[PDB]
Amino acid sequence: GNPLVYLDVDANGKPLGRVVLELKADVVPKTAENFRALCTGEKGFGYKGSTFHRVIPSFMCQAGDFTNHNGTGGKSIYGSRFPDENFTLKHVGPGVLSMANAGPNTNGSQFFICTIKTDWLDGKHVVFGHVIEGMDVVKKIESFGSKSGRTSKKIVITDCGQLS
C-alpha cells in the first residue's frame, strides 16, 4: 500500500502541530519513495530541521531545501535530480502534495502543499500525495506567509517520519 508520513512543524521554536500525508506509491512509486525516505532520514539526510522557505497565502507552502535553506537546493535519494515520473495526478485542490522544480526533470527534495486548486501547474509539477490530517496546521503555516513568499516567523520541520 501507500505510505503515511508526518511532518511536525514549529514557528519561531513553538509547535504548530502535525501534518499527515499519504504518498501515492500506487501512481508515482519513485517520487513517493524519495519523499518517504527523506521523511525517515534513512539515507543519512532529509527534511528534519529544514524550513518552509516560501509561503504564499491563497497558493501554497513550499519546503524541502535542506542543503541551502533558500529555495536553490535540496537533493533526492537518487542523486541531485530525477525525472518527472508522470503527470497522472492533478492539482485538484487544497491539500495536494507536489514536487517543486527548476523545469523539466529537475525533481530533488523541494515540495509544496497547496492551499488552493493550482490546476495551472498540471503537467509541469509531479503530484505525489495529499494531506490526510493536519490541514489546520498547513493553514497556520500559510498565515505566516506573504505574497512575496517571505515568512514572518521561521517555520521549521522539527521532526518527520513514517506512520505506516
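All residue numbers refer to positions in the sequence shown, first residue = 1.
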item: Segment of higher mean CA temperature factor, 25-33 or 99-107; value: 25-33
item: Per the entry, higher mean C-alpha B factor between 42-50 and 57-65; value: 42-50
item: Third of the chain, ranked by Cα B-factor, where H125 sits; value: lowest
item: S146 CA temperature factor, ranked by third within the chain; value: middle
item: Relative C-alpha B-factor of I77, binned into the chain's lowest, middle or highest third; value: lowest
item: Modelled-residue ranking by C-alpha temperature factor, third containing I113; value: lowest
item: CA B-factor ranking of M135, expressed as a third of its chain; value: highest
